[PDB]
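A single chain comes next, written as structure tokens; it is the form deposited in one PDB entry.
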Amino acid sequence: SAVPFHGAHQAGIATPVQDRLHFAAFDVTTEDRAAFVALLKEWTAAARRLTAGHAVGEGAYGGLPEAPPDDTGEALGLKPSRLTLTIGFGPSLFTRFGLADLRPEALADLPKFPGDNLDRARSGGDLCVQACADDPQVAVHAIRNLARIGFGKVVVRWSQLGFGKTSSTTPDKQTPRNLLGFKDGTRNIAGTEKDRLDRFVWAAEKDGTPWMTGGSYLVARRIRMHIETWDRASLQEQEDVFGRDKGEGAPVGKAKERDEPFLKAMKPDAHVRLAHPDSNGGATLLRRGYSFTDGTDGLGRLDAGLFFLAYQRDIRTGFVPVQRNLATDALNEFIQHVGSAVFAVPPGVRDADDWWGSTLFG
């Protein structure tokens, strides 16, 4: 029904993957540090309400008739829907509020990668909120009301809706398929693997940035798929691109989805072979991305793909090496990265008196 908001870590990273996403990047419009801290406190208070299925402020109705309602009301009657709200800080935030010397070294700017076609309007951002829930209306309501609360101090830079599985009709254990029709998520870090999360996902105090202890680093990539091109490829071409078969999702030469891959049986430029930790010095990611389908473009093509989200302990040792290794990926024929942003995701809100960003702002 709901996911606890408080903890050492923000929810929405290691907690169970919800059916739907609304991710928003915001830009900050105030120069006043005190004004921004006040916002973070008001947002935290709102998030406590939202994640428990309650309206923000004094509610969506029943207040003074002459006042705008505190909550815009489109989630009334809905359940918490396992809503999580996860905040992150972009590199550009640290050019404000005297913060330049507190930017973590682990929050690295991404290099340009071969084939990148990044839309500057759908890239970057001073901060992000990742809203995940089983009901898309719950997620949208959250973003819409945070944006409203922050009006005058932040604006929405870009926004992405996504979807994974529908849990009401799909067993939890079953691996979702992406829009290329392949199972996606088989070899990932699971929220159950506490030690692997410590190794690969959570920032530690000895990593160099104390305020980030218990936080993580997020890379977002909006990756368009060339659907109509992919759909004309033979079955064998598609399986060769990945190194797993399409039906069962087993590694080539193996029988079952979760059989461990034998990388040498895969083509040298197969996606799994290039992405696997063993090909990348042990680098391992927590993927937590969502499919998207936004409509059709001016050529009549489906505007669809993967909104890739990766969490890691250090961008320089997680996404960067793995993505660099995909330079010759067979998948590259069929995809294009068109949006990108990175964020530092702070530690959790410890209790009722804490607030988002408290370890940074002090």
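What we label the rigid core is the largest C-alpha set whose atoms superpose within 1.5 Å from one form to the other. Shifts are known only where both forms have a C-alpha. Numbers for residues come from their place in the sequence shown, where the first is 1.
Peer 1: Of the two stretches 109-117 and 86-94, which shows the higher Cα B-factor on average in the entry?
Peer 2: Per the PDB entry, the higher value belongs to 109-117.
Peer 1: Which is higher in the entry, the mean Cα B factor of 311-319 or that of 54-62?
Peer 2: Mean C-alpha B-factor is greater for 54-62.
Peer 1: Can you tell me which of 141, 157, 79, 222 has the highest Cα temperature factor in the record?
Peer 2: The record points to 79.
Peer 1: For the C-alpha B-factor as written in the entry, point me to the maximum among 42, 329, 27, 32.
Peer 2: Answer for 42, 329, 27, 32: 32, with the highest C-alpha B-factor.
Peer 1: Lowest, middle or highest third: where is residue 163 by Cα B-factor in its chain?
Peer 2: Tercile = middle for this residue's CA B-factor.
Peer 1: Just say lowest, middle or highest third for the CA B-factor of residue 290 relative to the other modelled residues in its chain.
Peer 2: It belongs to the lowest third of the chain when residues are ordered by C-alpha B-factor.
Peer 1: When the modelled residues of the chain are sorted by Cα temperature factor, does residue 204 land in the lowest, middle or highest third?
Peer 2: Answer is highest: the recorded C-alpha B-factor places it there.
Peer 1: By the recorded C-alpha temperature factor, relative to the other modelled residues in its chain, which third is residue 38 in?
Peer 2: Middle third of the chain for residue 38's C-alpha B-factor.
Peer 1: Using the B-factors in the PDB entry, rank residue 361's C-alpha atom against the chain and give the third, lowest, middle or highest.
Peer 2: Top third by C-alpha B-factor.
Absent from the display: the form deposited in another entry. The rest refers to it.
Peer 1: Tell me, with the core superposed, which single residue in 213, 186, 167, 137 has its C-alpha moved by at least 2 Å between the shown form and the other one.
Peer 2: Between the two forms, the residue that moves is 167.
Peer 1: Thinking of the 3 angstroms or more shift, are the C-alphas of residue 310 and residue 165 brought closer or pushed farther apart in the other form than in this view?
Peer 2: Closer, not farther.
Peer 1: Closer or farther: how do the Cα atoms of residue 167 and residue 82 compare in the other form relative to this form, given a change of at least 3 Å?
Peer 2: Farther apart in the other form, by 3 Å or more.
Peer 1: Superpose the two forms on the rigid core, then report in sequence order the stretches of at least three consecutive residues whose Cα positions each move 2 Å or more between the shown form and the other one.
Peer 2: Residues 163-172 form the single run that moves by 2 Å or more between the shown form and the other one.
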